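Input: a single structure, listed below in structure tokens.
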Amino acid sequence: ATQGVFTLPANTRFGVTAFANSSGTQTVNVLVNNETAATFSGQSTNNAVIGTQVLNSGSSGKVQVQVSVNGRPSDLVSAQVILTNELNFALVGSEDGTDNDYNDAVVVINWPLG
Ligand SMILES: *C(=O)C[C@@H]1O[C@@H](C)[C@@H](O)[C@@H](O)[C@@H]1O
Ligand SMILES: [Ca+2]
Ligand SMILES: [Ca+2]
């Protein structure tokens, strides 16, 4: 199944934040309505924040997260969780190698803001 794709309510601000846990340099792209809206790159084996950004979900609300390492697309896992019928997390893990810890780049999307 498709992973890393989330339908947010339209014209809603959301945060996106990436963490790195790999020897490979992680590149994270965030697409709103299939248009690159933010990109983060960095390397860490200690969960360093490699980027954080506030975005608007636009007319569509379609947000997609992509992860690659030196150009090679990582395998993604994702899900959305809603707490007390209000607070939204869209979560992404990624695997760039063979050990399958799926933390090589970790991306957290959250809304509402403000
Ligand atoms: C490359 O060595 C693989 C890679 O980096 C490791 C340090 C570890 O984070 C592993 O999960 C990652 O796939
Ligand atoms: Ca890994
Ligand atoms: Ca890792």
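All ligand and atom numbering here is 1-based and tracks the order in the structure. Nothing fancy with the numbering, it's 1 onward along the sequence.
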Angle, OD2 of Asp101 through the Ca ion (ligand 3) to O of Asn21 - 10° precision: 150°
Closest non-hydrogen atoms of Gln80 and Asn88, given as atom of the first, atom of the second and distance, are NE2-OD1, 2.7 Å
Which atoms of ligand 1 sit under 4.0 Å from any heavy atom of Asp104? 9 (O), 10 (C), 11 (O), 12 (C), 13 (O)
Considering non-hydrogen atoms of the protein only, which is the closest contact for atom 4 (C) of ligand 1, and what is the distance? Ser22 OG, 3.3 Å
Using a 4.0 Å cutoff against the non-hydrogen atoms of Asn21, which atoms of ligand 1 qualify? 9 (O)
Residue portion contacting ligand 1 (non-hydrogen atoms closer than 4.0 Å) for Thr98: neither
What residue and heavy atom of the protein are closest to atom 11 (O) of ligand 1, and at what distance? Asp99 OD2, 2.4 Å
Near the Ca ion (ligand 2), is there an N/O/S atom from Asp96 that is less than 3.0 Å away? no
Would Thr45 count as a polar contact of ligand 1, with the cut-off being nitrogen or oxygen pairs under 3.5 Å? no
For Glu95, the ligand 1 atoms with a heavy-atom partner under 4.0 Å come out as 13 (O)
Proximal ligand 1 atoms for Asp96, defined as those under 4.0 Å from one of its heavy atoms: 3 (C), 4 (C), 12 (C), 13 (O)
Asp99: which N/O/S atom is nearest the Ca ion (ligand 2)? OD1
The Ca ion (ligand 3) - closest N/O/S atom in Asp104: OD1
Tell me whether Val106 is reachable from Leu76 by hopping between hydrophobic residues (I, L, V, M, F, W, Y) whose side-chain heavy atoms are closer than 4.5 Å. no
Is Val107 reachable from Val77 through a run of hydrophobic residues whose side-chain heavy atoms are each under 4.5 Å from the next? no
Is there a donor-acceptor pair under 3.5 Å between the side chain of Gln43 and the backbone N or O of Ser22? yes
Is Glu95 close enough to the Ca ion (ligand 3) to have an N, O or S atom under 3.0 Å? no
Checking the N or O distance criterion of under 3.5 Å, is ligand 1 in contact with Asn103? no
Please compare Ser44, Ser94, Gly97, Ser23 and report which has the shortest non-hydrogen distance to atom 7 (C) of ligand 1. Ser23
Of all the atoms in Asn103, is at least one N, O or S atom closer to the Ca ion (ligand 3) than 3.0 Å? yes
What atoms in ligand 1 come closer than 4.0 Å to a heavy atom of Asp101? 11 (O)
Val108 and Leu83: same hydrophobic cluster, using ILVMFWY side-chain contacts below 4.5 Å? yes
